[PDB]
Structures are given as C-alpha cells and as structure tokens.
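These protein sequences, in sequence, are chains C and A. Just so you know, we're using the authors' numbering here: the first sequence kicks off at 366 and counts up by one. Just so you know, we're using the authors' numbering here: the second sequence kicks off at 964 and counts up by one. A short write-up of the structure that comes next.
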Amino acid sequence: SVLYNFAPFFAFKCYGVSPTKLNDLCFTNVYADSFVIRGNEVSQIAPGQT
Amino acid sequence: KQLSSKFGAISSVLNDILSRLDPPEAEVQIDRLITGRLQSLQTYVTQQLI
C-alpha cells in the first residue's frame, strides 16, 4: 500500500499470480531489476514476444 | 491412420510445426495434438481390452 505514493501505476497487467491478493501469500528470495521502456513496447514485456 | 490426423491443428507433422509457430501457441497446439492422440490410444486399448 505504500508503493502508491510516488506515482500511480500505468500498466498494472500481471500474468500468473493475482496482484489483487498478496497479503495472504508467502514466498522468499525475490529479484528486483530496473530498466526503461520508450513507450511503444510496453506489451513487449511478456513471454513469447519478439 | 489416426497418427496422420490433424486433430484440429494446423498440420499433423511434429518437427515442421515447431519452426513455423512461436512457443506460446506451439505449446497449446502440441498439447491439443497430444491429448487427441492419447484419446485415440485410449479408444484403441479399450477396444483391445474388450
């Protein structure tokens, strides 16, 4: 809930696990990266794309 | 004869159908073909059993 302070999310589409329910989920050792999308390849960040 | 059936897929071949299609749809097409051939094998072994 603290992640909404900087900017509202634009894409928000998530594959696989549901982003709506995350407080009841348990997991470990997550990876975090950071890069840029110039604007017309937002849908290109998906499996099977070229 | 049922090996050469299309089973609702684009082609009945295996090696050629991998190159022409991307994996996100090739996996679904292969899964459909495998389920159809397994159903045909189930019909064959039921006939053989009776």
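For every residue, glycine included, the Cβ atom is placed at its ideal position computed from N, Cα and C.
- Going by DSSP, A/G999 is part of the alpha helix (DSSP H) stretching over 986-1012.
- Between C/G404 and the set C/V367, C/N370, C/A376, the nearest pair of CA atoms involves C/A376.
- A/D985 reaches chain C at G413, counting residues in chain order whose Cβ is nearer than 7 Å.
- Contact check for A/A972 against A/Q1002 fails: the beta carbons are separated by 7 Å or more.
- The Cβ atoms of A/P987 and C/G413 sit closer than 7 Å to each other.
- Within 10 angstroms of the beta-carbon of A/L996 lie 16 or more other beta-carbons, which makes it buried.
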